[PDB]
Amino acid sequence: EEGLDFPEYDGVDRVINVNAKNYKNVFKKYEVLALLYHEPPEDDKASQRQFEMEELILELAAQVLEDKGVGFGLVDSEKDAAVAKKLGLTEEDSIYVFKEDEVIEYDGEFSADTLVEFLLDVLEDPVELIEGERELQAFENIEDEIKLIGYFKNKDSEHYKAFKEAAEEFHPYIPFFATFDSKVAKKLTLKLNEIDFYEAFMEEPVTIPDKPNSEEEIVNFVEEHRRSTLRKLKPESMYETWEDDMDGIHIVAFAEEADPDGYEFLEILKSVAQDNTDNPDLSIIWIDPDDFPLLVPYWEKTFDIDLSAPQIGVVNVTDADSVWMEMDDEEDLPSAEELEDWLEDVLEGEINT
């Protein structure tokens, strides 16, 4: 009796060298396939070590997800240029995820935790059905992401099928929910074939106009409303969010949700968002420092702030130059009006509008 060990990385290689000769068979073997499209090995040790680490991160994810039929592979942009073309791999050192007839160009954190969570989400069906109270309550409780909900006759409705096709386009980043139950639709205030879009952190939805909606109408609407006034930086999508800057800058708020002050600040931020939701020139990024433990020292040093307290600032995406609002913690946090006033002062002395 020694006592069984927790699972451990076993050092067995599972990541596939995907090439011209095997790529068709690889796609046949796995229902979900994650492929790292990468540049060939440079001569310097630094580059080789960076690649070595990325590959092992994939190995860890591959071990974890082996039983679930998720495969992992490498496509060398030189040795495997032809495979890349056929598959549409363009972005250097980027992960592409394949499920059925969909390709996803992953733009999140390169970590085993984040990748595994993402791929488990990918494996799920694209539409969540609401039948019970638990499920409806779960839907109502979602705030930190855009969500859509539609009421349809049944799974065979042409309009449900269009909704599902649209859901697949954004899977798994934007949750699509459906109900076939008139009582549920009643509580959600949905007419038949009506689809309500809830912007992140917004209480009131916007109904997609011109129902019943084609797949294209839904996709167009979501794309047009893709950027919420307040959005959360999430590991699974951090790079896409950060690269979607507001003319060279982001307004960035740090708030630890689990902390009393961080929670209060978040409620204030939500008020600011709600009061300015119609302004297309405004996006605030909420970062919870608890979600990014490896970046906290860097942020505290770079921005010269204490992340144990709520913060709000404006960051220049070009050089990481920034300015942060002074808040005395011996008094109440600034009100929504005060935050808006400060943002106006900072941004009025700028290059636009």
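Rigid core here is just the name for the largest C-alpha set that superposes within 1.5 Å across the two forms. Note that residue numbering begins at 1 and tracks the sequence as displayed.
Undergrad: Superpose by the rigid core: which stretch, 248-256 or 99-107, shows more Cα shift in 4 other deposited structures of this protein?
TA: After the core superposition, the stretch with higher RMS deviation in 4 other deposited structures of this protein is 99-107.
Undergrad: Between 79-87 and 254-262, point out the one with the higher average CA B-factor as the PDB entry records it.
TA: Taking the mean C-alpha B-factor of 79-87 and of 254-262, the larger value falls to 79-87.
Undergrad: Tell me which of 339-347 and 325-333 has the higher mean C-alpha B-factor in the deposited entry.
TA: The stretch with the larger average C-alpha B-factor is 325-333.
Undergrad: Check the PDB entry and point out which of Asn276, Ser111, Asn220, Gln137 has the largest C-alpha temperature factor.
TA: Max CA B-factor in the entry, restricted to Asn276, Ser111, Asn220, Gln137: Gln137.
Undergrad: Taking the values straight from the PDB record, which of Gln63, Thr302, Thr318, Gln50 has the highest C-alpha temperature factor?
TA: Highest C-alpha B-factor among the listed residues goes to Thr318.
Undergrad: By the record's CA B-factor, is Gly313 among the lowest, middle or highest third of residues in the chain?
TA: For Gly313, the deposited C-alpha B-factor lands in the lowest third.
Undergrad: With respect to C-alpha B-factor, does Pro289 fall in the lowest, middle or highest third of the chain as deposited?
TA: Its C-alpha B-factor belongs to the lowest third of this chain's values.
Undergrad: C-alpha B factor of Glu243, ranked within the chain: lowest, middle or highest third?
TA: Ranked within chain, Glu243 CA B lands in the highest tercile.
Undergrad: Check where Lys183 lands among this chain's C-alpha B-factors and tell me if it's the lowest, middle or highest third.
TA: Its C-alpha B-factor, which the entry lists for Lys183, ranks in the highest third among residues of this chain.
Undergrad: Can you work out whether the C-alpha temperature factor of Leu129 puts it in the lowest, middle or highest third of the chain?
TA: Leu129: CA B-factor falls in the middle third of its chain.
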